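Chain naming follows the written order as A, B, C, D, E, F, G, H, I, J and K, and within any one chain the residues start at number 1.
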């Protein structure tokens, strides 16, 4: 115990800083600070790209080595596929924004 | 010289406060006594109009343009000779 | 000289493997060509029986006790004079 | 690259004017200045 | 889009880069009138707009950080890189000066008397005050370290205390050095020895003043509860710059004051 | 993936099979060809046949024609290749009733 | 000491549509207007100078 | 001196300036090879309808276009280095003239024995006698004994200058406070012209250098008559 | 944010009238090219 | 069919030797007769 | 509004545009200075006056083209515009500071102009070496104004370099490694590092010269024991990296342009291309002294500097050969920009080859300070750096504006500019072998033909630039808005349409962790 008087973030962090701070403890990432881990990307097990809108740019690093990333808009609706490797992407609504 | 003051010169605010008043400051005290236990005064160097000194290729933009910023009359002679 | 090879000389095995074959080794290669593009041979130094050299206050515990461990006959003279 | 047709196409006549104006604006001022060099050196 | 889903900062238009750019003009052309058509009015105006700009620019920077909550993790990691990078550029600036010195002292022209220090120059004694200043800056390095540890342990009183001791040793060095400047028997005009000693120690001196006011700013932000135990980059940066400032002095001391004299 | 390289026969096979997937859909039909065109070779008549058929499966006459266009394009300056291809394809051409680009007069500007 | 940072936050977070360098109050504006003025005038002065010094 | 429509170097008047002509042929031969090799590969790449846009393997070929240039550089570096040391080589001069750049003229000093020293200005285009070279003519030629190893010590009394005489393959910046050495050595009598190779003021273009090389004997009399 | 967008709205000069632009563009690059000439004239007209 | 600027995120058409089969149909909207031609296409091409 | 958008900005896009604008204007200036130089040398005799008014023009040419045209355009323009878009960033790391990096340019440019207005200006060469640059040889407010222009321009660039490095390193998608960022970005990140290290040293060098002509210090005055040579070191320590700082970004845009018009997905040997740049970046720091061969240095140290300077030929080599390999199986599109790219590839080669000749100190003894070196650097700058700038400009113009250029007009321009430069600079190779010195307002009669042909060349180039202005005007005159762009899967800057909205990537891209 026993300290001296300097504020903690848990008590003084405000704005976005606080917002991302709390979300962090709840395990969510509404602010894209972390890398979305992939799924098998099958037609039945697609990668679920959250989004605060009806479309989102997806970059696909088809193979681990790849210096080249394949970009393309993922729109709301039927699961789409990376032009270079199939791989399914299905849009999803974003969460803890505001 | 070297150094081996046994233990603690790392991590923990108490340890750092300790070196501050236990080592750091006493040093400044020694060195301060020292620097003043020799704080006499040098005799102003004999003047000889050497050419590679008291250089003036252009007048200083202050005063009579012949006196250096921290001109000290006693120990700093003009190009012509000592102040007085 | 200095150094400023743009980016990556830190964290990530791929980056370290990269400096290994991208910088580290080519250097050893240059320096190796270099050290052999000058790998001729010095002429054995003219012998003069200086006293502060070829010191012997006690015979070496090997051989005729007058020949240094890595004695090289061509460039290392005995105290008396060159090997032959 | 593909593009919609010109919202305000520039007919050859226009283009000639524009090409002309451009060249003049580059050539006159310098021309004047260079034309009178002697007059300047003579003061 | 519209509602941003990235942790980055989009700074609102500020008129500070323009007034700051304009300030560089005022001061540079201001120095030109002084150096030539002997006058300081422009330079005075320049130094003013400059202080005004910096005051307001950092003011906004605090507003955005401490009050508005814009410095997320992603945001601070980038301010580290920026400061780190900025310090490196300073390390390369002082390099020109050390280079000039080693060039001059390692191979003295016959004009100097073909020796170093040149004939006529009377070097200061490294064992006198130059040692005192060495010990002073070093002590501040340990006390500033005690200050940063108190901070991360929520001890307000002690952080503020170690920070105070630091700030004063730093001021003590400014004064001590100021007097040496006065008492010193050589000048910027005494050839290479003076030239080389007065701009290196001088630029360094301007750095301790710039570094001390930085700490002073941190001192006040602390009375005002601005820093939390875990978010206090303004202080991290303050400590980095301070340590940079000792190390340069450690190099001047060994080169110019000891070896070069 | 890395260093995993097939013999010529294994390549052609892998493709003929690819195109014969009964459930093959448009995406895959396009992906297949747009991919095959990047390689250094005019596709084997057997591979071109399977793709001509899958066009039928997807009831795509147009695509079937453009596919025959590509083959020729790929021969570059090697005139001998195209006609040999159209030759080994006559049967299937006739069967599915696929008109050559030349027959359709699409070979002129 | 104080610790009225929370007060300052609420103030600067107030959605008054102002840009951060004005969000603070009336003095922010006087300071702004002062700085902007000296800069401009200064620029003009230097323009006058660098010109008066352009001729023999 | 240089003639109208010149392409390469002015004829070599000394052994190193000859030596360099050949080292330059060698080098220039190679730049022609490479620059033509590149123009060929380029036109080749652009001249076919055949495509192959899929992925292609690197390095296996990159070893070639990495080891080869290294070899070629060794083939230039060696001859070059050889000549370089040979220039800065152990010679024993039988004379030492000094020269000093000044803002718009060179002063020469021969002082081994007597103290012969004079100036050297360009002859104004007006004061040129028919046949004289328009901007290369100097009033006082630096006279020297042909076929002799001479040591020149270049310097200046003001801004930087550079004393250069191409035909002999020499150029040495003239720096105040510095004494740079250079070994001159002709093998043919004549007039060898040069110009100030270092920006230095209004008349940077009007301070030539002219070497009049006559046999020893004529040098000796010239000197005495020169005081 | 009242910032217009799209072709001709992301530049600090008006692109509405092809001819007013011809003038603006002309003064812009024009003045650029002429300045050095007048500087040289300036130097030449001094003593 | 008519292409629109705002269509920058939607798959598009493009004629180019190394992408023989584009992502989109040149003509999206069909006339009755076209819808008809389209029907005949499910039948034998012969 | 206008004030807030164009003077109070914090938008990489708006800032990048303001740069290109400043860059175009300054280009116009340097072009004229370049034209006076030849107008003075196109006929034996003197047109302007003494070497002073002439050399004032030369120096002003060097400074305007390097610091005010090339640097702002390639780094501030293409750099600000494309970098955040290629890595999917919302903007730069330090938006406000970034705006200051721009606003320091005009003041810096004014000082440079004022320097040639007051007194007799600075006829000192762009290397502004002392004693000539001193208060005796060049007494007066000129050189000092030149030095303050340089300080500001430097502050601007290091401030910029801090933003680029932080951005490029700290604002990429969480799952994207640096070995997944486009070569242009690598090119600008490496260039940023080179400026961050070299510029401070120049600032220390010129600050010394300033105190030497105003506060009675003698850093470079033998009188006080100074050394006029010490300045040459300091300057050149920054001087060589600068030439590489001027080409690396060009190297980047070329890698992008060539890949794109070959219809390839990626360029040949990406990681070799990354290594190649990193190496050039590094070697460029330990070879400065090849600029001081005729100065009086020890033969052994003169040996080291020629050997080190040559090894650079190797990494540059893998670059030239990798771009040829990229064109390889390509489905080539003979676009205006592809023409600028191919031009760059060959012209830059001849020029960097002509620069290997110069690495030889032995041989440099007779080539130094002559027109041979004027040829060398005009090839890598006028038909290397500038050729990259043009390709990149005609390539990304639609992206910036939303409007397209007239390809035929665009090609005529190329055709013209090509002839102009080659004519202007080719003969200079002879003028230098045959002895014509540098920085001369006049030459011995022998040199008349080549200087006459070269100046004629300089006039054609002028025409090409007048034509380029019209070409931009027409583009904005007609308004052919863009509809389709090829290869966007591998070309992110094109994914938000032309022009991209004020705020792009407001919502991050999505990139999985495999």
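Methods note: a residue touches a chain if its C-beta (ideal position, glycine included) is under 8 Å from a C-beta of that chain, and two chains touch if they have at least 3 such contacts.
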| item | value |
| --- | --- |
| Fewest touching-chain hops separating subunit E from subunit K | 1 |
| Required minimum of steps from subunit B to subunit I, each step between chains that touch | 2 |
| Of I-K and D-I, whichever chain pair has more C-beta contact pairs | I-K |
| Centrality ranking, top chain (CA atoms only) | K |
| Rounded Å distance between subunit C and subunit K, as computed from the means of their C-alpha atoms | 45 |
| Intercentroid distance (Cα basis), subunit K paired with subunit H, Å | 30 |
| Distance from the mean Cα position of subunit J to that of subunit D, given in whole angstrom | 47 |
| Subunit C-subunit G separation of Cα centroids, rounded to whole Å | 67 |
| Contacts with 2+ other chains: residues of subunit K | 5, 32, 48-49, 110, 114, 117, 134, 141, 169, 179, 197, 214-216, 218, 222-225, 227, 263, 265, 271, 311, 329, 331, 469, 473, 477, 479, 481-484, 486, 495, 505, 507-508 |
| For subunit I, residues that touch 2 or more chains besides their own | 18, 22, 25, 29, 33-34, 37, 40, 42, 44, 47 |
| Where subunit A touches two or more other chains, by residue | 7, 12, 14-15, 32-33, 52-53, 63, 73, 83, 94 |
| For the subunit I and subunit K complex, residues of the former touching the latter | 1-3, 5-8, 10-12, 15, 18, 21-22, 25, 28-29, 32-37, 39-40, 42-44 |
| Of all residues in subunit E, those that touch subunit K in their complex | 1-6, 8-18, 20-22, 24-25, 28-29, 31-32, 35-37, 57, 74, 77-78, 81-82, 85-86, 88-90, 92-97, 99-100, 103-104, 108-109, 111-112, 118, 188-196, 198-199 |
| Footprint of subunit B on subunit K - complex, ascending | 134-136, 213-216, 218, 221, 223-225 |
| Residue numbers on subunit C that touch subunit K, as the complex places them | 1-8, 12, 14, 18, 22, 30 |
| Subunit G-facing residues of subunit I, complex | 42, 46-47 |
